[PDB]
Number of protein chains: 2
Amino acid sequence: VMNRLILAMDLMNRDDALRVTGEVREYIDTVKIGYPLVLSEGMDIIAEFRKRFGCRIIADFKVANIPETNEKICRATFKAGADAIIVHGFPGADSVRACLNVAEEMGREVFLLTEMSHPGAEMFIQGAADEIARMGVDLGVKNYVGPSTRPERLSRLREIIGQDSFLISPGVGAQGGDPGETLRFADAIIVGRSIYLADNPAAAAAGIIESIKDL
Amino acid sequence: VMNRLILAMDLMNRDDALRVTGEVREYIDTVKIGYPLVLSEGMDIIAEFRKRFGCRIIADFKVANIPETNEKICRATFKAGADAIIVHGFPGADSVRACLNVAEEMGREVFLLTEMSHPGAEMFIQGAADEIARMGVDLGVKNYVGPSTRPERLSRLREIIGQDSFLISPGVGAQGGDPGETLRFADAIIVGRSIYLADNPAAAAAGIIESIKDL
Ligand SMILES: Nc1cc(=O)[nH]c(=O)n1[C@@H]1O[C@H](COP(=O)(O)O)[C@@H](O)[C@H]1O
Ligand SMILES: Nc1cc(=O)[nH]c(=O)n1[C@@H]1O[C@H](COP(=O)(O)O)[C@@H](O)[C@H]1O
């Protein structure tokens, strides 16, 4: 990932999403697109971003249904041009395997979400997160998501998945996480509001990158 | 819900989804639409179904992100015309409250998913499900989803949420659940493939209803 920085593009308007992404494209070549933008503007937005910006697209679709439904969601998402899809591990191994099978068929990637960054993640997810990570390892998952807001958890996750696995981390900036600290454990950070709600998104991205280079 | 039967419309083609829903509309006035259809045909499909069939629409969007993102997803979903949205409880109380707040603002409903119907639900969700249900009760949730495939779990869920709460249940037919047994505890059953992959969906729906009337 260019500059170890992934833009979370959660603006809900195509014009604003295209403006901001264009402004920060010199700094960022991977964009995470989720349901706020896709449900507002359509799945065609993924191929539009890929063509216009030449970026990789990670679909943050928190996939979390039964295996048969997960299959259909993954196939629609890869058909739309996404490079990778973020999948919850909490629904269990069969739900994750369904996504892995479609990614294998379509030459794409799954990122396994093992612990979330928000306060409510402490209630149920955190207690299962180590086991979710170990399940990922046993399924052959190579790409993971864990929380910038809890670097001790992010260290434990890294310990389980090993150094070869790729780990990306949201919760930097708005949610309280720090770029440098998070990059002690994660390969890349995800940043949304700190960039896309800034008066100058390019300056916000550049400031983050400057602090990343220093590491 | 008419005949206590909710159609899970997970066909991915607008023409096929419209045909099947039209064929079974005399039996069913509530349709659950999820991401397989929405990601393939667009969010406009929700208002199209509402207008053409005059049905209620439950969006099975398994909402499972951080509170801020859940807010945006719920607002886009209700803007598109959905009557209700299914929300995972596993991400914790703040993630659920975010959905409840948007539903309150927009005069809509949240259904809390507490335990899932597939085999993988045993790994992590089942152990948290009673607590997820109790969290729902303490947040004032009145609508719940629980699994036809485990009627003893569905009985325990009903026990926690009480008799006034509304409980709907997937996993009937294809996944192995039984209509009559499930309706001992749930107010309505959700049925997808047993109807929409049948040679005669209307006959399949009618057969299910005939077994429901007998109760
Ligand atoms: N996928 C996620 C998993 C997670 O644990 N936390 C999280 O924030 N996200 C997403 O990352 C982004 C964080 O954006 P921000 O807090 O930097 O605005 C948003 O798109 C969230 O939905
Ligand atoms: N929302 C769900 C929660 C759940 O626990 N199980 C489940 O099957 N569903 C959904 O219900 C429907 C079951 O359809 P079928 O098994 O009758 O085809 C599908 O849309 C699933 O995604």
# chains A, B, ... in the order shown; residues from 1 in each chain; ligands from 1
>>> residues_near_ligand(ligand="ligand 1", cutoff="6 Å", atoms="only C-alpha atoms and all ligand atoms", output="PyMOL selection string")
(chain A and resi 8+10+60+116-117+147+170-175+191-193) or (chain B and resi 65-66+69)
>>> interface_residues(of="chain A", to="chain B", cutoff="8 Å", atoms="only C-alpha atoms", output="PDB file with C-alpha atoms, in the first residue's frame")
ATOM      1  CA  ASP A  10     -17.326   7.083   3.482  1.00  0.00           C
ATOM      2  CA  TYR A  35     -21.825   0.604   2.242  1.00  0.00           C
ATOM      3  CA  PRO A  36     -22.340   4.334   2.946  1.00  0.00           C
ATOM      4  CA  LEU A  39     -25.779   2.103  -1.002  1.00  0.00           C
ATOM      5  CA  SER A  40     -26.014   5.790  -1.915  1.00  0.00           C
ATOM      6  CA  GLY A  42     -24.519   2.086  -6.544  1.00  0.00           C
ATOM      7  CA  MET A  43     -21.994  -0.695  -6.981  1.00  0.00           C
ATOM      8  CA  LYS A  62     -18.358  -6.579   6.984  1.00  0.00           C
ATOM      9  CA  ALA A  64     -21.627 -11.510   8.225  1.00  0.00           C
ATOM     10  CA  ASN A  65     -24.408 -13.727   6.880  1.00  0.00           C
ATOM     11  CA  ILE A  66     -24.747 -17.548   6.419  1.00  0.00           C
ATOM     12  CA  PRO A  67     -22.395 -19.253   3.964  1.00  0.00           C
ATOM     13  CA  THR A  69     -25.614 -15.619   1.277  1.00  0.00           C
ATOM     14  CA  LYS A  72     -23.632 -14.342  -3.379  1.00  0.00           C
ATOM     15  CA  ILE A  73     -22.391 -11.122  -1.758  1.00  0.00           C
ATOM     16  CA  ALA A  76     -21.479  -9.573  -6.681  1.00  0.00           C
ATOM     17  CA  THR A  77     -18.692  -7.565  -5.058  1.00  0.00           C
ATOM     18  CA  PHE A  90     -17.584 -13.830  14.353  1.00  0.00           C
ATOM     19  CA  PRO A  91     -20.129 -15.824  12.216  1.00  0.00           C
ATOM     20  CA  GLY A  92     -17.704 -18.758  12.205  1.00  0.00           C
ATOM     21  CA  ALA A  93     -15.558 -20.810   9.912  1.00  0.00           C
ATOM     22  CA  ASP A  94     -18.107 -21.902   7.343  1.00  0.00           C
ATOM     23  CA  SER A  95     -19.157 -18.268   6.723  1.00  0.00           C
ATOM     24  CA  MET A 116     -13.269  -3.978  15.952  1.00  0.00           C
ATOM     25  CA  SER A 117     -12.082  -0.521  16.943  1.00  0.00           C
ATOM     26  CA  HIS A 118     -15.166   0.997  18.633  1.00  0.00           C
ATOM     27  CA  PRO A 119     -15.998   0.812  22.345  1.00  0.00           C
ATOM     28  CA  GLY A 120     -18.785  -1.738  21.909  1.00  0.00           C
ATOM     29  CA  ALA A 121     -16.242  -4.226  20.514  1.00  0.00           C
ATOM     30  CA  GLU A 122     -15.315  -4.914  24.147  1.00  0.00           C
ATOM     31  CA  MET A 123     -18.687  -6.508  24.880  1.00  0.00           C
ATOM     32  CA  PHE A 124     -18.551  -9.656  22.718  1.00  0.00           C
ATOM     33  CA  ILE A 125     -15.968  -9.395  19.944  1.00  0.00           C
ATOM     34  CA  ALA A 128     -13.558 -14.054  20.809  1.00  0.00           C
TER      35      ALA A 128
END
>>> residues_around(residues="residue 141 in chain B", least_positions_apart="3", cutoff="10 Å", atoms="only C-alpha atoms", output="list in words")
residues 96, 97, 100, 109, 110, 111, 112, 133, 134, 135, 136, 137, 138, 144, 161, 165 and 166 of chain B
>>> decode(residues="range 159-208 of chain A", atoms="N, CA and C atoms", output="short mmCIF file (atom, residue, chain, number, x, y, z; two decimals), in the first residue's frame")
data_model
loop_
_atom_site.label_atom_id
_atom_site.label_comp_id
_atom_site.auth_asym_id
_atom_site.auth_seq_id
_atom_site.Cartn_x
_atom_site.Cartn_y
_atom_site.Cartn_z
N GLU A 159 0.94 -11.19 16.84
CA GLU A 159 1.57 -12.38 17.38
C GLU A 159 0.93 -13.68 16.86
N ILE A 160 -0.40 -13.70 16.78
CA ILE A 160 -1.11 -14.90 16.32
C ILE A 160 -0.92 -15.12 14.82
N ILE A 161 -1.05 -14.06 14.02
CA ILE A 161 -1.02 -14.21 12.56
C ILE A 161 0.39 -14.29 11.97
N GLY A 162 1.39 -13.91 12.76
CA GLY A 162 2.78 -13.92 12.30
C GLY A 162 3.16 -12.76 11.41
N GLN A 163 4.43 -12.70 11.04
CA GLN A 163 4.99 -11.52 10.39
C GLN A 163 4.71 -11.49 8.90
N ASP A 164 4.39 -12.64 8.31
CA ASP A 164 4.14 -12.68 6.87
C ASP A 164 2.73 -12.24 6.49
N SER A 165 1.77 -12.40 7.41
CA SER A 165 0.39 -11.97 7.16
C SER A 165 0.33 -10.46 7.05
N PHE A 166 -0.61 -9.97 6.26
CA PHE A 166 -0.80 -8.54 6.03
C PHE A 166 -1.90 -8.04 6.96
N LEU A 167 -1.64 -6.97 7.69
CA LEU A 167 -2.58 -6.49 8.72
C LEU A 167 -2.83 -5.02 8.49
N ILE A 168 -4.10 -4.66 8.33
CA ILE A 168 -4.48 -3.26 8.18
C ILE A 168 -5.33 -2.86 9.37
N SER A 169 -5.33 -1.56 9.67
CA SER A 169 -5.90 -1.14 10.96
C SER A 169 -6.65 0.18 10.87
N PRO A 170 -7.97 0.18 11.15
CA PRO A 170 -8.76 1.40 11.24
C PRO A 170 -8.84 1.91 12.68
N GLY A 171 -9.35 3.12 12.80
CA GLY A 171 -9.49 3.79 14.09
C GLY A 171 -8.43 4.84 14.34
N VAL A 172 -7.70 5.23 13.30
CA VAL A 172 -6.67 6.26 13.38
C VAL A 172 -7.31 7.62 13.19
N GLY A 173 -6.99 8.55 14.08
CA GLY A 173 -7.47 9.92 13.94
C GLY A 173 -8.76 10.11 14.69
N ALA A 174 -9.88 10.09 13.97
CA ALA A 174 -11.15 10.39 14.61
C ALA A 174 -11.48 9.53 15.83
N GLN A 175 -11.19 8.24 15.74
CA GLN A 175 -11.50 7.34 16.83
C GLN A 175 -10.44 7.33 17.93
N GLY A 176 -9.33 8.02 17.71
CA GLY A 176 -8.32 8.19 18.76
C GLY A 176 -7.01 7.49 18.54
N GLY A 177 -6.93 6.62 17.54
CA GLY A 177 -5.69 5.91 17.27
C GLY A 177 -4.60 6.78 16.68
N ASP A 178 -3.35 6.36 16.86
CA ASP A 178 -2.19 7.10 16.40
C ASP A 178 -1.53 6.38 15.23
N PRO A 179 -1.17 7.12 14.15
CA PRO A 179 -0.53 6.46 13.00
C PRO A 179 0.73 5.68 13.34
N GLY A 180 1.67 6.33 14.01
CA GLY A 180 2.95 5.73 14.27
C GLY A 180 2.86 4.52 15.17
N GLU A 181 2.11 4.65 16.26
CA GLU A 181 1.95 3.53 17.18
C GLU A 181 1.29 2.33 16.48
N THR A 182 0.29 2.61 15.66
CA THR A 182 -0.44 1.55 15.00
C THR A 182 0.47 0.79 14.02
N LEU A 183 1.33 1.54 13.32
CA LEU A 183 2.28 0.97 12.37
C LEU A 183 3.44 0.20 13.00
N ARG A 184 3.52 0.18 14.34
CA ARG A 184 4.44 -0.74 14.99
C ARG A 184 4.00 -2.19 14.74
N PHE A 185 2.69 -2.38 14.53
CA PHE A 185 2.12 -3.73 14.41
C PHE A 185 1.44 -3.97 13.08
N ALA A 186 0.72 -2.97 12.57
CA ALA A 186 0.01 -3.10 11.30
C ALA A 186 0.92 -2.73 10.14
N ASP A 187 0.69 -3.32 8.99
CA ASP A 187 1.36 -2.90 7.76
C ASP A 187 0.85 -1.61 7.15
N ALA A 188 -0.44 -1.34 7.34
CA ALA A 188 -1.05 -0.12 6.81
C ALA A 188 -2.13 0.32 7.75
N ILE A 189 -2.38 1.62 7.72
CA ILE A 189 -3.47 2.21 8.47
C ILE A 189 -4.57 2.67 7.53
N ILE A 190 -5.80 2.55 8.02
CA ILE A 190 -6.97 3.07 7.37
C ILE A 190 -7.36 4.37 8.03
N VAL A 191 -7.59 5.41 7.22
CA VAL A 191 -7.99 6.71 7.73
C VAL A 191 -9.13 7.25 6.88
N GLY A 192 -10.22 7.59 7.58
CA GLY A 192 -11.41 8.18 6.95
C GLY A 192 -11.57 9.66 7.28
N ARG A 193 -12.34 9.95 8.33
CA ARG A 193 -12.75 11.34 8.62
C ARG A 193 -11.60 12.32 8.77
N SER A 194 -10.50 11.91 9.38
CA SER A 194 -9.34 12.83 9.57
C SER A 194 -8.86 13.37 8.24
N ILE A 195 -9.07 12.63 7.16
CA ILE A 195 -8.78 13.11 5.82
C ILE A 195 -10.04 13.69 5.17
N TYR A 196 -11.12 12.93 5.06
CA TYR A 196 -12.19 13.37 4.17
C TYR A 196 -13.07 14.48 4.71
N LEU A 197 -13.04 14.73 6.02
CA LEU A 197 -13.73 15.89 6.61
C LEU A 197 -12.80 17.07 6.84
N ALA A 198 -11.52 16.92 6.52
CA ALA A 198 -10.57 18.03 6.71
C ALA A 198 -10.86 19.17 5.74
N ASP A 199 -10.54 20.39 6.16
CA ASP A 199 -10.67 21.53 5.25
C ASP A 199 -9.80 21.30 4.02
N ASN A 200 -8.65 20.66 4.19
CA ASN A 200 -7.72 20.38 3.09
C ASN A 200 -7.31 18.90 3.20
N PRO A 201 -8.06 18.00 2.55
CA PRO A 201 -7.71 16.57 2.63
C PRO A 201 -6.33 16.19 2.18
N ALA A 202 -5.83 16.84 1.14
CA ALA A 202 -4.47 16.58 0.70
C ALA A 202 -3.47 16.94 1.79
N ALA A 203 -3.66 18.08 2.46
CA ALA A 203 -2.77 18.48 3.54
C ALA A 203 -2.87 17.53 4.71
N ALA A 204 -4.09 17.05 5.00
CA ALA A 204 -4.27 16.08 6.07
C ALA A 204 -3.55 14.77 5.74
N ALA A 205 -3.70 14.27 4.52
CA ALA A 205 -3.00 13.04 4.11
C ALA A 205 -1.49 13.24 4.15
N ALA A 206 -1.03 14.38 3.67
CA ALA A 206 0.40 14.66 3.62
C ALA A 206 0.97 14.70 5.03
N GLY A 207 0.23 15.28 5.97
CA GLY A 207 0.68 15.37 7.36
C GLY A 207 0.82 13.99 7.98
N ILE A 208 -0.14 13.12 7.69
CA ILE A 208 -0.07 11.75 8.18
C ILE A 208 1.15 11.03 7.60
#
